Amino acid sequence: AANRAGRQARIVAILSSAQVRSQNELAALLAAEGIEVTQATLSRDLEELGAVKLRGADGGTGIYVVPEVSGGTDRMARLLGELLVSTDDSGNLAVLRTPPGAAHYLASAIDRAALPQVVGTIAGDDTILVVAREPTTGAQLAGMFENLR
């Protein structure tokens, strides 16, 4: 559940990372992070945003683009609830376990939250390395994920 402004920020973010051909598709992309709105609302959002359905010559039907921290943290905490199997740490690294295939998904949500204490993440398949920004330790990071769980 997010307000007009929060939802639109997410829309802008979605439109840059995905090729969105229709408003129904945009609604599915938002529902994946727990934002449920109808098509009417998205028509209004995209208009307020100045989003245009852009295509070149012989370019088919078009995809929406809007011309020119994220918060953000809620998407992540949502996914942590769902995909975080375990945490552990060593030195400046937290190590997170997710179900198989889920690591890139969780890690991308972590990146987008832009935590001040996270230098970066790398996802394999069911594992994520989270690099702690000094002097934060991996143990503290792990503590932060266990708390936001």
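The first residue of the sequence shown is number 1, and the count goes up from there.
Unmodelled residues of the deposited sequence between neighbouring positions residue 68 and residue 69 number 4 to 9. In this entry, 59-67 shows the higher mean Cα temperature factor of the pair 39-47 and 59-67.
Averaged over Cα atoms, the B-factor as recorded in the entry is higher for 12-20 than for the other of 134-142 and 12-20.
When the CA B factors of the chain's modelled residues are split into thirds, the value for residue 81 lands in the highest one.
Per the deposited record, the Cα B-factor of residue 124 falls in the middle third when ranked against the other modelled residues of its chain. Annotation for residue 33: C-alpha temperature factor in the highest third relative to the rest of the modelled chain, per the entry. When the modelled residues of the chain are ordered by their C-alpha B factor, residue 113 lands in the middle third.
Among the modelled residues of the chain, residue 52 sits in the middle third by CA temperature factor in this PDB entry.
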